[PDB]
């Protein structure tokens, strides 16, 4: 297992735990705490389409531990800066939220959802999240200095930026993961001709970017943003992030030697790629630990239902098989209306499947071996419900509120 931050999944969820639902609904933040009587709780009247004027087109809304308590706080990147609603521990969130910094906003620093990435991460391993943004001139970091005091937004690396040199959301990928093996989150960038790494030194600095693979990129191997999803994830159990991507012929991986050196790029699964009919607009794919061994498995929501290929434990894989006859295109699930997640809901380290459907939120539980039980109606809440949870106007995440 590696803790990892991607563009699609900026909020790390524990591989072994009881994931909670956090929804930025139309009228505010709705918490669905993983519990015996799941009931949506309107925790904060803000951070919402119809409370505070929050927009998916202009703002970023996340969950992270900004105080160091181990409790996840609500964080919003608004117009004038970053606002935080502190989780008081005992199921209460501060409302109204407090503005902790005049940077990383639409009006503060000219940040744009179309050009930049903003993440929250404990890059210094101090137990609370720094602000890290992939901006114009490079990677800007504001150190979290306790008590919601954030250091100056500081250009810490002149690379991986819209204007340093030429990073684009329609061409490239920028993730954070420990690939060097020092416990700290590094920068992993899929550029034009190479995957680049910038090592996190440990002390709030990143080394200059270095090329590590001549593949997985738009102009090295023909990897395209829509059609060929790429991931970073521990596939060997050594605790460092390997690389895997769903391409044309199937899934290709390059394994980390444990220090950020990558081996040859090999086809490990002849499925999940375009040759077998997997399309970005229809078929969400994920890497998640479905067997509790700390190694990433491949999960895909295909046409007839969900397909999985299990990791043998060493970065090679078994064949893909259909494991669950639901949550697929045949059953009516769509990327534009519905939300699907692959996360542990039950504390056994084997990821379960939950889907926010048209009118119902459904779940199927992993059996502890990578197989799935009968689908069950968990709640009417969080479902699309004719627009109540439209992707255009709401954001939903799984997160461990108690981490």
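Positions refer to the first chain, counted from 1.
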| property | result |
| --- | --- |
| 160-168 or 97-105, whichever carries the higher mean Cα B-factor | 97-105 |
| Stretch with the greater mean C-alpha B-factor as recorded in the entry, comparing 88-96 against 258-266 | 88-96 |
| Candidate residues 189, 222, 72, 151, the one whose C-alpha B factor the record puts highest | 151 |
| Out of 36, 345, 342, 43, highest CA B-factor residue | 43 |
| CA B-factor placement of residue 133, once the chain's modelled residues are sorted into thirds | middle |
| Where the record places residue 203 (Cα B-factor, split into thirds across the chain) | highest |
| Residue 389 by Cα B-factor - lowest, middle or highest third of the modelled chain | middle |
| Chain-wide C-alpha B factor ranking for residue 32, given as lowest, middle or highest third | lowest |
| Third of the chain's Cα B-factor distribution that residue 6 belongs to, per the entry | lowest |
